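Structural characterization, general
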Amino acid sequence: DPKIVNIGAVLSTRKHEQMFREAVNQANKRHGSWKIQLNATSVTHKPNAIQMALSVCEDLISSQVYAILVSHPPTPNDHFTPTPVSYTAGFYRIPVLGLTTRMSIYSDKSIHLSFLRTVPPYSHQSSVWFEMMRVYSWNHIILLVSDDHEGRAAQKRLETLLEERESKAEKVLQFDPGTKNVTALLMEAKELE
Amino acid sequence: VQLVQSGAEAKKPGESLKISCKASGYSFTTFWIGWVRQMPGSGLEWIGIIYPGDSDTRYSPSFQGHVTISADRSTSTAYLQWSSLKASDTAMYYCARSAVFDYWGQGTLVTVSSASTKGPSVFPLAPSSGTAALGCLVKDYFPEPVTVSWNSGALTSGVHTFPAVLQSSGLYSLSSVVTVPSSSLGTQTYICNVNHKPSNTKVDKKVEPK
Amino acid sequence: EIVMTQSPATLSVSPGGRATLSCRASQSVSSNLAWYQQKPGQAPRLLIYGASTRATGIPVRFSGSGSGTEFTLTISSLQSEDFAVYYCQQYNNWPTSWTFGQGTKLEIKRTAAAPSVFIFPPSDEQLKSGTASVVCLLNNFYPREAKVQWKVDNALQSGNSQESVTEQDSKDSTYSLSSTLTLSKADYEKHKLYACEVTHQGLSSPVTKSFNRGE
Amino acid sequence: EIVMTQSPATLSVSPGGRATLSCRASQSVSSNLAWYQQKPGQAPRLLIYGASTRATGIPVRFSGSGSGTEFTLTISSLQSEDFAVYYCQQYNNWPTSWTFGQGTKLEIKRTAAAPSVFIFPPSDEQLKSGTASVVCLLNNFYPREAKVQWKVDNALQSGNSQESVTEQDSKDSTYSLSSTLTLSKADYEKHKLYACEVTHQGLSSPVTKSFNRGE
Amino acid sequence: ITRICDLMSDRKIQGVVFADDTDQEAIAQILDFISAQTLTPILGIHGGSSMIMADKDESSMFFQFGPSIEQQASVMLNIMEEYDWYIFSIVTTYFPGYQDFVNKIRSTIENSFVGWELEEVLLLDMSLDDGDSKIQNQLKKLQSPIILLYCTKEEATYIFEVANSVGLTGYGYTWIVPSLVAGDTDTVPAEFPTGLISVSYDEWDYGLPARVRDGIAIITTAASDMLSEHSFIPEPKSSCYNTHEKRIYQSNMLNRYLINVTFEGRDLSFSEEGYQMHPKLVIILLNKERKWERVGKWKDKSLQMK
Amino acid sequence: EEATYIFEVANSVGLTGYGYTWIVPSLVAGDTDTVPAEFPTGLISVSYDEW
């Protein structure tokens with residue numbers, strides 16, 4: 001009577017699958033089992049992203065998942081984690097969950113159209129900066145964000161929250177990443193009160 | 001899905017037994033198995049619900065501390081063991097499936113009676129004085145059940161097997177009757193065959209007018 | 001802490017009629033209630049879960065409804081082949097309560113049938129055992145109730161007769177009654193006239209039929 | 001110039017079901033239609049007037065609505081008093097045509113019954129008039145579709161036997177059939193073996209009731 | 001993905017052009033992902049890739065033929081200014097890039113020496129619950145001869161219904177909608193306020209043979225220019241599973257070759273964002289009948305109309 | 001009741017804001033204890049000396 005449903009997750013290490021299965025087993029025990037039975041399909045990260053996209057299509061072909069969870073890779077480069085699943089298992093508009101995605105360029109509902117995250121992005125840490133600033137007797141800020149999407153959006157959020165207080169950022173000094181000669185910007189920031 | 005229970009049994013008061021309810025229809029850790037009791041003329045009463053996958057158990061408020069509900073991990077059989085305190089708990093226990101009693105078992109008839117095994121007594125209740133009723137009265141037998149047939153099962157028209165009644169001596173009595181046209185009182189042979197499995201008693205008694 | 005109640009009493013119905021019995025909720029269960037139609041001599045079958053839906057493999061001649069009101073039966077346009085017993089239970093929160101009812105048993109209705117009455121004295125072989133059994137048998141009558149009286153020398157007898165009533169037959173849905181009177185040898189030998197009085201709505205007048213000891 | 005079609009001709013509705021019969025409007029008959037039902041031996045009664053209303057002293061079972069386009073009713077919770085003959089009468093230009101249709105009927109379902117077969121030769125008194133009638137009688141059979149024929153010296157006979165089928169029995173919902181063959185005295189004396197053979201749903205094999213003349 | 005994997009494994013292809021006949025939006029994401037993971041360039045000419053996409057990534061090589069929102073906005077406000085109308089209003093909702101829309105409008109209003117007077121900005125959200133009365137109140141409050149709109153094609157029906165309820169689309173009044181609102185010109189949401197004006201990409205004036213000819217010419221010219229300037233040619237690793245071995249060389253100069261695209265005396269230089277720098281744009285008007293018609297064309301930063 | 005219907009239509013199209021004040025006679029006022037339908041706040045009326 002309870003129709004079998006598959007909820008899948010890709011996550012590093014073999015051990016993580018054990019509590020994946022344990023947690024999905026615990027979840028159904030909280031409710032009855034005469035209505036729905038919960039299953040799980042798991043896989044582990046691998047370098048070539050094309051292979052991950054192919055395996056994602058093969059899994060959703062073989063599992064017709066209700067929701068897919070995506071993890072971070074243990075091989076640094078903390079940008080290629082939700083590359084394959086965001087747009088491969090997104091053509092059918094199926095919910096996708098990420099746990100550790102502190103990067104914010106995935107929050108725009110114009111490219112992904114299906115993404116839910118359990119960690120706040122860096123614009124919220126900019127809001128935290130504002131809250132710290134609110135009562136500390138500091139009102140003469142100098143932003144030094146880097147020219148990138150991970151920083152430009154934070155700068156825009158910081159600006160739009162500050163203008164609500166009728167205050168302004170004096171400077172928007174902004175240097176490109178990678179280049180290592182940046183001294184004149186500090187001198188520019190030096191010549192102010 | 002399927003469910004098989006332990007066989008029916010009778011035990012003297014002051015003893016501990018165990019009945020295994022085994023499920024072979026689904027995985028052994030997917031549902032909450034339980035136990036219900038249906039005594040004659042009482043209804044349904046919950047006893048205990050246990051998950052065999054983690055042995056987590058709960059019991060009814062008015063029964064707790066009177067019997068154990070054990071389980072296993074490979075035989076997939078839940079053991080509902082009782083205690084010696086049971087004296088008037090003779091009923092037909094059932095094991096639930098998914099905490100809503102989805103697929104019941106075959107049932108386990110547990111009897112707690114002071115009467116011992118003894119073969120039945122069969123008496124021919126003859127007709128007298130154009131249809132007349134005749135039968136066989138099976139009295140003073142324990143334990144259950146008793147099977148009564150007419151002409152080795154060839155006679156089935158009008159055969160009524162009465163429910164067994166319980167006397168003060170802890171014994172049972174019933175009657176198996178049949179209506180027959182009065183033209184066949186002396187032109188036909190009517191013999192009632194009574195079988196009692198626990199006492200392996202097999203008695204064929206002739207029924208003729210007195 | 002809220003035992004489910006079933007009503008009204010007995011609701012035996014004619015063939016081609018609905019079966020609607022009440023399970024008026026005393027508590028405020030969210031949506032859960034069940035009845036679990038059962039056949040004596042078998043195991044109860046799953047009839048409804050959630051008090052509004054029907055399980056797979058079951059027709060739609062029995063259902064339910066209600067969220068805060070009294071969850072009630074939704075059986076209509078049914079047959080007379082069921083004649084089953086109907087309890088009613090619910091689970092407001094699980095597993096803690098497991099509240100059950102007592103069950104409003106439903107019989108089978110029919111036309112009134114007069115009982116075929118017969119008597120059976122001891123067959124002279126129980127005499128040596130010290131027990132005398134006299135049986136009054138009623139066959140093929142409707143309804144279940146039948147006023148049966150054992151009179152020993154036209155004297156009222158109470159507490160010494162056991163009554164057994166069979167279920168409805170699969171062909172004519174007729175009940176059978178067996179009234180067994182068990183006495184000692186000395187008490188049996190002290191009286192001669194033993195009579196059965198059978199009163200039923202299928203008889204114009206109650207039938208009183210007697211026999212004498214040793215004939 | 002309007003024709004009403006009633007289908008099914010015999011609405012076989014089992015006890016505990018529904019029964020719906022429609023009136024196929026050949027044209028847009030405004031919004032006014034009439035429905036009548038008759039049990040055997042009684043005149044039809046006005047059930048529904050105006051195709052959307054209910055009569056006085058009416059039950060709540062059957063209801064129907066329409067606007068001159070195949071006005072269809074629906075009768076649910078059917079009891080044992082159902083399964084009568086149903087007719088529909090349209091009326092738009094009252095009075096200009098008032099054309100009628102054909103009508104239909106309905107039957108009550110039950111378990112199939114074996115036909116009790118009997119035969120009857122002339123009683124040696126009817127033959128004194130020069131005419132001999134040989135009778136085959138079928139008792140308590142369901143359904144009414146029972147195929148009988150006559151064997152006169154194992155020769156086919158047709159167009160010489162008149163058959164009458166009784167209405168549905170009020171007790172066991174059964175029919176009775178009487179098939180009488182009528183011949184001259186010379187023709188009857190020209191043959192000896194007369195048999196009635198009956199085949200029916202409840203018969204595994206056809207049953208033959210046969211007799212010989214002068215025996 | 002399997003078709004493409006067979007494609008660069010069977011044939012030695014360095015750069016590939018695709019065409020599509022469906023309005024699917026999610027396809028652009030996977031084409032961009034392939035163009036990023038694989039060093040070969042990917043060009044979109046038709047289908048859902050023609051719909052404007054937000055932005056590429058660090059190593060993405062994906063150029064499409066679609067004007068940016070800023071270019072369309074500039075074209076339509078230039079058209080509005082040419083119509084001797086210096087009055088306007090702002091109506092929009094919560095959409096990606098609508099902030100850039102409003103920022104561009106405000107910046108070009110402030111920098112201009114013309115007397116443009118914006119009368120409030122409408123940002124009511126149609127996805128909210130029980131806010132229909134508030135939306136109707138805001139619609140009744142705002143009434144200007146010229147109003148711009150920024151909403152999805154589905155929300156166009158809601159806006160049409162609430163405007164008809166308000167009934168402000170009676171006598172002389174205008175309205176301008178973007179390309180995304182119109183969708184298909186053959187279809188309409190049954191509520192056209194006859195006389196509507198819009199600016200969009202060309203409906204049908206650039207057939208696919210000519211488009212693929214232009215793309216092939218651009219690709220070949222860029223390849224020849226790269227081969228003649230640097231006097232060498234690049235080659236990645238044609239591996240769908242060992243693509244990590246193709247990162248030894250940095251063929252970034254290919255982008256510098258493609259950003260100087262031109263053919264047959266036409267400024268076809270590709271913007272670093274991805275949008276076409278100098279495309280052709282068409283203006284559509286709604287007549288009395290239930291159909292639209294091409295009105296004007298945008299070429300060489302000029303607008304002509306009758 | 002006609003006035004109630006007109007007020008429903010008018011507030012449905014946002015006329016009874018802070019810039020449109022309505023004057024009504026005593027017949028529309030009726031009993032001065034009930035408030036049928038919308039009856040937007042800010043209505044000034046004239047009536048006979050009642051209380």
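Per the deposited record, the coordinates in this entry were obtained by cryo-EM to a resolution of 4.05 Å.

Along chain A, the regular secondary structure elements total six helices and five strands. The secondary structure elements of chain A, listed N-terminal to C-terminal, are β-α-β-α-β-α-β-β-α-α-α. The C-alpha radius of gyration computed for chain A amounts to 22 Å, which surpasses the reference 16 Å derived for 193 residues by more than 25%, pointing to a less compact arrangement than a globule. Put simply, 62% of the contacts in chain A that link residues at least 6 apart link residues at least 24 apart.

When helices and strands are counted, chain E shows nine helices and ten strands. A principal-axis box enclosing the C-alpha atoms of chain E has dimensions of 65 × 45 × 40 Å.

Here we come to the state of the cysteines. Each disulfide pairs two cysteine sulfurs, and for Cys21(B) the partner residue is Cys95(B), the sulfurs being separated by 2.0 Å. On the sign convention where negative means left-handed, the S-S torsion of about 80 degrees between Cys21(B) and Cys95(B) marks this disulfide as right-handed. Taken together, the residues span a long stretch of sequence, with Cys21(B) in strand 3 (residues 20-23) and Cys95(B) in the loop between strand 10 (91-94) and strand 11 (108-112) at a distance of 74 residues. Across a sulfur-sulfur distance of 2.0 Å, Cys5(E) and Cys240(E) are joined as a disulfide pair. One quick way to see it: the torsion about the S-S bond of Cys5(E) and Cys240(E) is about -110 degrees, and its sign makes the bridge left-handed. With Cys5(E) in helix 1 (residues 2-10) and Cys240(E) in the loop between helix 8 (208-229) and helix 9 (253-258), the pair connects residues that are 235 residues apart, well separated along the chain. Among the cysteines around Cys57(A), which has no disulfide bond, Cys5(E) carries the closest sulfur, lying 12 Å off.

Turning to the relation of the copies chain C and chain D, a few remarks are in order. Overlay of chain C on chain D (RMSD 1.1 Å): rotation 176 degrees, translation along the axis 2.2 Å. The share of interface residues of chain C whose copies in chain D are also at the interface is 75%, consistent with both copies meeting through the same surface.

This part is about the sheet that holds strand 10 (residues 193-199) of chain C. Residue and element names in this part refer to chain C. The strand order across the open sheet built from three strands is 7-10-11, with neighbouring strands paired in antiparallel fashion. Each edge of the sheet is formed by a strand with only one pairing partner; in this case those strands are strand 7 (147-152) and strand 11 (207-212). Neighbour-to-neighbour, the strand axes of this sheet turn through a mean angle of 15 degrees, independent of strand direction. The pairing of strand 7 with strand 10 spans six bridges and is antiparallel. Bridge assignment links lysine 147 to a residue of strand 10, and that residue is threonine 199.

Below, the discussion takes up the packing of helix 3 (residues 69-82) of chain E against helix 4 (residues 98-111) of chain E. Residue and element names in this part refer to chain E. Direction vectors running N to C along helix 3 and helix 4 enclose 45 degrees, while the axes themselves pass 10 Å from each other. In terms of axis orientation, helix 3 runs oblique to helix 4. Judged by the sense of rotation from one axis to the other, the crossing of helix 3 with helix 4 is right-handed. Here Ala73, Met76 and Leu77 of helix 3 lie close against helix 4, whose contacting residues are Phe101, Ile105 and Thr108. Taken together, the residues of the contact of helix 3 with helix 4 break down into five nonpolar, one polar and no charged.

For the rest of this paragraph, the subject is unusual backbone geometry. Cis peptide bonds are those with omega within 30 degrees of zero, and the linkage from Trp94(C) to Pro95(C) qualifies with -15 degrees. The phi torsion at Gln64(A) lies on the positive side, around 40 degrees, for a residue other than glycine.

Taking the centre distance of 5.9 Å and the plane angle of 85 degrees together, the rings of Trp32(B) and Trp94(C) count as edge-to-face. Within this pair, whereas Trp32(B) is found in the loop between strand 3 and strand 4 (36-38), its partner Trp94(C) is found in the loop between strand 3 (89-90) and strand 4 (99-100), the two belonging to separate chains. Three or more aromatic residues joined by ring pairs make a cluster, and in this case those are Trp46(B), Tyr94(B), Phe101(B), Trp104(B), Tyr36(C), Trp98(C) and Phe100(C). Its end group placed over the ring of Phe118(C), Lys209(C) keeps NZ or CZ at 5.3 Å from the ring centre. The positively charged end of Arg213(D) is found above the aromatic ring belonging to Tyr188(D), 6.0 Å away from the centroid.

To continue, consider the pairing of strand 14 (residues 175-184) of chain D. Residues and elements named next belong to chain D. The pairing of strand 11 (residues 131-141) with strand 14 spans nine bridges and is classified as antiparallel. Residue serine 133 lies in a different strand from strand 14, and its bridge partner there is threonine 182. One ladder, built from five bridges, connects strand 13 (residues 161-165) with strand 14; its direction is antiparallel. What sits directly across from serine 164, in strand 14, is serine 178.

With that out of the way, let us pick up the pairing of strand 7 (residues 197-201) of chain E. All names here are of chain E. Strand direction decides the pairing type here: strand 6 (residues 176-177) and strand 7, joined by two bridges, are parallel. Looking at the pairing, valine 177 lines up with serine 198 of strand 7. Relative to strand 8 (residues 281-286), strand 7 is paired through five bridges, and the arrangement is antiparallel. Bridged to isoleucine 197 within strand 8 is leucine 285.

For the rest of this paragraph, the subject is the interface of chain C and chain D. On the side of chain D, five residues touch chain C, which itself brings four residues to the contact. Of the residues in the side of chain C that touches chain D, the class split is one nonpolar, two polar and one charged.

The subject of this paragraph is the interface of chain B and chain C. By a widespread convention, an interface's size corresponds to the accessible area lost as its parts come together. Between chain B and chain C, the residue contacts involve 36 residues of the former and 37 residues of the latter. At the level of elements, strand 5 (45-46), strand 12 (121-125), strand 13 (131-141), strand 15 (160-161), strand 16 (165-166) and strand 17 (172-181) of chain B are the ones that each hand at least two residues to the side of chain B that touches chain C. Split into classes, the residues belonging to the side of chain B that touches chain C amount to 25 nonpolar, seven polar and four charged.

Looking now at the sheet that holds strand 18 (residues 190-196) of chain B. Where strands meet in a sheet, backbone hydrogen bonds hold them as pairs that are either parallel or antiparallel. Residues and elements named next belong to chain B. An order of 14-18-19 is seen for the three strands of this open sheet, with the pairing classed as antiparallel. A single partner strand is all that each edge strand has here, and the edge strands are strand 14 (146-150) and strand 19 (201-207). Averaged over all pairs of adjacent strands, the angle between strand axes in this sheet comes to 20 degrees, irrespective of strand direction. Sheet topology places strand 14 next to strand 18; five bridges connect them, and they run antiparallel. Each bridged residue has a counterpart across the sheet, and for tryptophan 150 the counterpart in strand 18 is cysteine 192.

A few words now on the packing of helix 4 (residues 122-134) of chain A against helix 5 (residues 149-162) of chain A. Residues and elements named next belong to chain A. Between helix 4 and helix 5, the shortest axis-to-axis distance is 9 Å and the interhelical angle comes to 35 degrees. For helix 4 against helix 5, the interelement crossing comes out right-handed. Residues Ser123, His124, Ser126, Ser127 and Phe130 of helix 4 form the contact with helix 5, whose participating residues are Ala153, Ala154, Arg157, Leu158 and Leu161. Grouping the constituent residues of the contact of helix 4 with helix 5 by class yields five nonpolar, four polar and one charged.

With six pairs of chains in contact, the largest contact count belongs to chains B and C. Regarding chain A and chain D, which are not in contact, the minimum distance between any of their C-alpha atoms is 29 Å. At their nearest point, the C-alpha atoms of chain B and chain D are still 17 Å apart, with no contact between the two.

What follows deals with the environment of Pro52(B). All names here are of chain B. One can find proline 52 in the loop between strand 6 (48-51) and strand 7 (56-59). Measuring from C-alpha to C-alpha, the distance between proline 52 and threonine 30 comes to 9.0 Å, with 22 residues separating the pair along the chain. Not counting residues within four places of it along the chain, the set of residues in contact with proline 52 comprises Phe28, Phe31, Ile33, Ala71, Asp72 and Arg73.

A word on the side chain of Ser176(C). Here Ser176(C) is to be found in strand 9 (residues 175-184). In this structure the side chain of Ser176(C) is engaged in a polar contact, spanning 2.7 Å, whose partner is the side chain of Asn139(C).

Right, let's talk about the environment of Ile47(B) for a bit. All names here are of chain B. Relative to the assigned elements, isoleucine 47 resides in the loop between strand 5 and strand 6. When the C-alpha positions of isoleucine 47 and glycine 7 are compared, they lie 19 Å apart, and in sequence the two are 40 residues distant. Residues in contact with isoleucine 47, not counting those within four places in the same chain, are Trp35, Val36, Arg37, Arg58, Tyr59, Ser60, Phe63 and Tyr93.

Cut-offs used in this document
Residues numbered from 1 in each chain as written, not as in the entry; some residues may be left out. Chains lettered and ligands numbered in written order. Part of a larger assembly, values for the part shown. Heavy atoms only, no water. Residues with missing side-chain atoms left out of burial classes, pairs and counts. Helix = DSSP H or I, 4+ residues; strand = E, 2+ residues; numbered from the N terminus. Rg over C-alpha atoms; globule rule 2.2 N^0.38 Å. Contact = heavy atoms within 4.5 Å. Disulfide = S-S within 2.5 Å. Least-squares fit on C-alpha atoms. Pairing = 2+ DSSP bridges. Axes fitted to C-alpha atoms, helices over the stretch in contact; angles between N-to-C directions. Parallel < 35°, antiparallel > 145°, perpendicular 65-115°, else oblique. Left-handed = near helix turned anticlockwise from the far one by under 90°. Nonpolar A, V, L, I, M, F, W, Y, C, P; charged D, E, K, R; others polar. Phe/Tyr/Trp six-rings, centres within 6.5 Å; stacked < 30°, edge-to-face > 60°. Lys NZ or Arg CZ within 6 Å of the ring centre and 35° of its normal. Polar contact = N/O pair within 3.5 Å; in protein donor to acceptor, adjacent residues only side chain to side chain.

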